[PDB]
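As stored in target.pdb (PDB, C-alpha atoms):
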ATOM      1  CA  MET H   1     119.515 110.436 145.520
ATOM      2  CA  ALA H   2     118.672 113.303 143.163
ATOM      3  CA  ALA H   3     114.935 113.421 142.499
ATOM      4  CA  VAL H   4     113.534 113.040 145.999
ATOM      5  CA  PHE H   5     109.934 113.828 145.533
ATOM      6  CA  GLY H   6     110.014 117.551 144.635
ATOM      7  CA  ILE H   7     113.432 118.053 146.190
ATOM      8  CA  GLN H   8     116.260 118.095 143.763
ATOM      9  CA  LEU H   9     119.468 117.062 145.457
ATOM     10  CA  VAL H  10     122.999 117.537 144.221
ATOM     11  CA  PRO H  11     125.378 115.238 142.309
ATOM     12  CA  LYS H  12     127.711 115.417 145.217
ATOM     13  CA  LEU H  13     127.725 113.876 148.654
ATOM     14  CA  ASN H  14     129.465 115.490 151.559
ATOM     15  CA  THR H  15     130.048 114.558 155.159
ATOM     16  CA  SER H  16     131.729 115.819 158.308
ATOM     17  CA  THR H  17     134.185 113.594 160.196
ATOM     18  CA  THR H  18     134.955 114.924 163.702
ATOM     19  CA  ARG H  19     132.548 115.320 166.558
ATOM     20  CA  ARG H  20     132.919 116.776 169.954
ATOM     21  CA  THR H  21     132.443 115.164 173.387
ATOM     22  CA  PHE H  22     129.779 116.123 175.915
ATOM     23  CA  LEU H  23     131.431 118.069 178.534
ATOM     24  CA  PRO H  24     130.064 118.266 182.106
ATOM     25  CA  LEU H  25     128.234 121.039 183.901
ATOM     26  CA  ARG H  26     130.709 122.785 186.169
ATOM     27  CA  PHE H  27     129.138 124.534 189.154
ATOM     28  CA  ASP H  28     131.479 127.440 188.721
ATOM     29  CA  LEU H  29     130.517 127.742 185.156
ATOM     30  CA  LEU H  30     126.788 128.020 185.859
ATOM     31  CA  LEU H  31     127.440 130.536 188.618
ATOM     32  CA  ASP H  32     129.277 132.507 185.943
ATOM     33  CA  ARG H  33     126.509 132.121 183.470
ATOM     34  CA  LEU H  34     123.864 133.116 185.990
ATOM     35  CA  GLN H  35     125.896 136.222 186.605
ATOM     36  CA  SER H  36     125.360 137.468 183.073
ATOM     37  CA  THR H  37     124.361 141.054 182.843
ATOM     38  CA  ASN H  38     124.291 141.466 179.028
ATOM     39  CA  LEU H  39     122.337 138.231 178.550
ATOM     40  CA  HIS H  40     121.061 138.957 175.024
ATOM     41  CA  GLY H  41     123.801 136.778 173.529
ATOM     42  CA  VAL H  42     124.441 134.367 176.312
ATOM     43  CA  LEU H  43     121.845 131.964 177.713
ATOM     44  CA  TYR H  44     119.808 132.070 174.518
ATOM     45  CA  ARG H  45     119.739 133.204 170.971
ATOM     46  CA  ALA H  46     117.837 136.427 171.038
ATOM     47  CA  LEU H  47     116.253 138.289 168.197
ATOM     48  CA  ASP H  48     115.855 142.087 168.251
ATOM     49  CA  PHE H  49     115.263 144.862 165.697
ATOM     50  CA  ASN H  50     117.642 147.374 167.080
ATOM     51  CA  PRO H  51     117.212 150.311 164.705
ATOM     52  CA  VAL H  52     113.893 151.502 166.092
ATOM     53  CA  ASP H  53     114.598 150.375 169.614
ATOM     54  CA  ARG H  54     112.386 147.380 169.140
ATOM     55  CA  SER H  55     112.124 143.642 169.614
ATOM     56  CA  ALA H  56     112.229 141.026 167.001
ATOM     57  CA  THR H  57     110.767 137.508 167.247
ATOM     58  CA  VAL H  58     112.348 134.811 169.305
ATOM     59  CA  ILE H  59     114.367 134.152 172.384
ATOM     60  CA  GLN H  60     115.782 130.755 171.796
ATOM     61  CA  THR H  61     116.358 129.528 175.304
ATOM     62  CA  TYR H  62     119.322 127.335 176.270
ATOM     63  CA  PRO H  63     120.439 125.492 179.318
ATOM     64  CA  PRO H  64     119.732 126.910 181.670
ATOM     65  CA  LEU H  65     116.263 128.218 180.765
ATOM     66  CA  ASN H  66     115.253 125.070 179.007
ATOM     67  CA  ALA H  67     112.590 124.288 181.656
ATOM     68  CA  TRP H  68     110.129 126.921 180.504
ATOM     69  CA  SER H  69     106.700 125.678 179.391
ATOM     70  CA  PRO H  70     104.512 124.580 182.316
ATOM     71  CA  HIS H  71     102.452 127.728 182.296
ATOM     72  CA  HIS H  72     104.275 130.019 179.873
ATOM     73  CA  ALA H  73     101.112 131.676 178.575
ATOM     74  CA  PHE H  74      99.966 132.603 181.998
ATOM     75  CA  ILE H  75     103.043 134.823 182.286
ATOM     76  CA  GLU H  76     102.294 136.899 179.280
ATOM     77  CA  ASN H  77     104.802 138.545 176.970
ATOM     78  CA  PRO H  78     106.947 141.474 177.945
ATOM     79  CA  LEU H  79     106.806 144.847 176.227
ATOM     80  CA  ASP H  80     109.960 144.347 174.312
ATOM     81  CA  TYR H  81     112.997 142.106 173.886
ATOM     82  CA  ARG H  82     115.150 144.709 175.390
ATOM     83  CA  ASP H  83     112.849 144.748 178.348
ATOM     84  CA  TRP H  84     112.803 141.026 178.709
ATOM     85  CA  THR H  85     116.610 141.121 178.899
ATOM     86  CA  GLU H  86     116.373 143.223 182.037
ATOM     87  CA  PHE H  87     113.633 141.218 183.700
ATOM     88  CA  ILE H  88     115.288 137.826 183.460
ATOM     89  CA  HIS H  89     118.692 139.364 184.326
ATOM     90  CA  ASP H  90     117.040 140.551 187.438
ATOM     91  CA  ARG H  91     115.259 137.379 188.339
ATOM     92  CA  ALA H  92     118.200 135.253 187.462
ATOM     93  CA  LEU H  93     120.302 137.343 189.737
ATOM     94  CA  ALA H  94     117.920 136.575 192.553
ATOM     95  CA  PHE H  95     118.251 132.915 191.878
ATOM     96  CA  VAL H  96     122.013 132.667 191.851
ATOM     97  CA  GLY H  97     121.898 133.936 195.394
ATOM     98  CA  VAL H  98     119.467 131.254 196.379
ATOM     99  CA  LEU H  99     121.768 128.579 195.154
ATOM    100  CA  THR H 100     124.761 130.067 196.925
ATOM    101  CA  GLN H 101     122.973 130.337 200.250
ATOM    102  CA  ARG H 102     122.821 126.615 200.273
ATOM    103  CA  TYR H 103     126.117 125.985 198.407
ATOM    104  CA  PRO H 104     129.349 127.895 199.119
ATOM    105  CA  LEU H 105     131.717 128.020 196.257
ATOM    106  CA  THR H 106     134.771 127.814 198.546
ATOM    107  CA  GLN H 107     133.532 124.428 199.442
ATOM    108  CA  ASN H 108     131.883 123.406 196.264
ATOM    109  CA  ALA H 109     134.214 124.581 193.568
TER     110      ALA H 109
END
Render the structure in this file as structure tokens.
Amino acid sequence: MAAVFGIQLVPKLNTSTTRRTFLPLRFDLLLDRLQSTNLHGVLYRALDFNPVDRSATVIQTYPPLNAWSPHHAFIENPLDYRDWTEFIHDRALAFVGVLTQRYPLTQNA
């Protein structure tokens, strides 16, 4: 311990004991998540600078959304965070419908 290169550690060790189990992906639950309107604090951790009606830095995408990359730069960045909210709300909304076309809840729950 302690003098780890130029990183001074503490005299005290500390651990955590309990960890959670990896719970499955309910179809219902995604349908619900895809339905998010106020997305900002749902399928991602989104940073905005609200006071002057402006964006911050980083939309930290979750699952879903985790399959963004292939051509991300091609897409270019939207005008603001607030604006990006909308857009992917929109598009997501379109997508949920696609899924449903092929899979009926009633049947698939």
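The coordinates place atom CA of residue H:58 at 27.8 Å from atom CA of residue H:97.
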Using the chain letters and residue numbers of this document, give as an NGL selection string the residues selected by the PyMOL selection byres ((chain H and resi 53) around 12). :H and (48-52 or 54-56 or 79-83)
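If you look at atom CA of residue H:63 and atom CA of residue H:106, they are 24.1 Å away from each other.
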Would you compute an axis-aligned box for stretch 49-68 of chain H, covering every atom listed for it in the file with 5 Å of margin on each side, and report centre and edge lengths in Å to one decimal as JSON?
{"center_x": 115.3, "center_y": 137.9, "center_z": 173.2, "size_x": 20.3, "size_y": 37.2, "size_z": 27.0}
Dig up all the protein and nucleic acid residues within 9 Å of (120.6, 139.4, 185.3) in the file frame, using all atoms listed in the file, and format them as a PDB file with C-alpha atoms, in the frame of the given file.
ATOM      1  CA  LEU H  34     123.864 133.116 185.990  1.00  0.00           C
ATOM      2  CA  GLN H  35     125.896 136.222 186.605  1.00  0.00           C
ATOM      3  CA  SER H  36     125.360 137.468 183.073  1.00  0.00           C
ATOM      4  CA  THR H  37     124.361 141.054 182.843  1.00  0.00           C
ATOM      5  CA  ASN H  38     124.291 141.466 179.028  1.00  0.00           C
ATOM      6  CA  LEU H  39     122.337 138.231 178.550  1.00  0.00           C
ATOM      7  CA  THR H  85     116.610 141.121 178.899  1.00  0.00           C
ATOM      8  CA  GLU H  86     116.373 143.223 182.037  1.00  0.00           C
ATOM      9  CA  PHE H  87     113.633 141.218 183.700  1.00  0.00           C
ATOM     10  CA  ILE H  88     115.288 137.826 183.460  1.00  0.00           C
ATOM     11  CA  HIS H  89     118.692 139.364 184.326  1.00  0.00           C
ATOM     12  CA  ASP H  90     117.040 140.551 187.438  1.00  0.00           C
ATOM     13  CA  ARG H  91     115.259 137.379 188.339  1.00  0.00           C
ATOM     14  CA  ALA H  92     118.200 135.253 187.462  1.00  0.00           C
ATOM     15  CA  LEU H  93     120.302 137.343 189.737  1.00  0.00           C
ATOM     16  CA  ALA H  94     117.920 136.575 192.553  1.00  0.00           C
TER      17      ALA H  94
END
Find the residues around stretch 27-29 of chain H up to 12 Å (all atoms listed in the file counted), leave out those fewer than 6 positions away in its own chain, and share them as a compact mmCIF listing (two decimals) with C-alpha atoms, in the frame of the given file.
# COMPACT_ATOMS: atom_id res chain seq x y z
CA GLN H 35 125.90 136.22 186.60
CA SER H 36 125.36 137.47 183.07
CA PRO H 63 120.44 125.49 179.32
CA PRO H 64 119.73 126.91 181.67
CA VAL H 96 122.01 132.67 191.85
CA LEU H 99 121.77 128.58 195.15
CA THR H 100 124.76 130.07 196.92
CA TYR H 103 126.12 125.98 198.41
CA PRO H 104 129.35 127.90 199.12
CA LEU H 105 131.72 128.02 196.26
CA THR H 106 134.77 127.81 198.55
CA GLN H 107 133.53 124.43 199.44
CA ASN H 108 131.88 123.41 196.26
CA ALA H 109 134.21 124.58 193.57
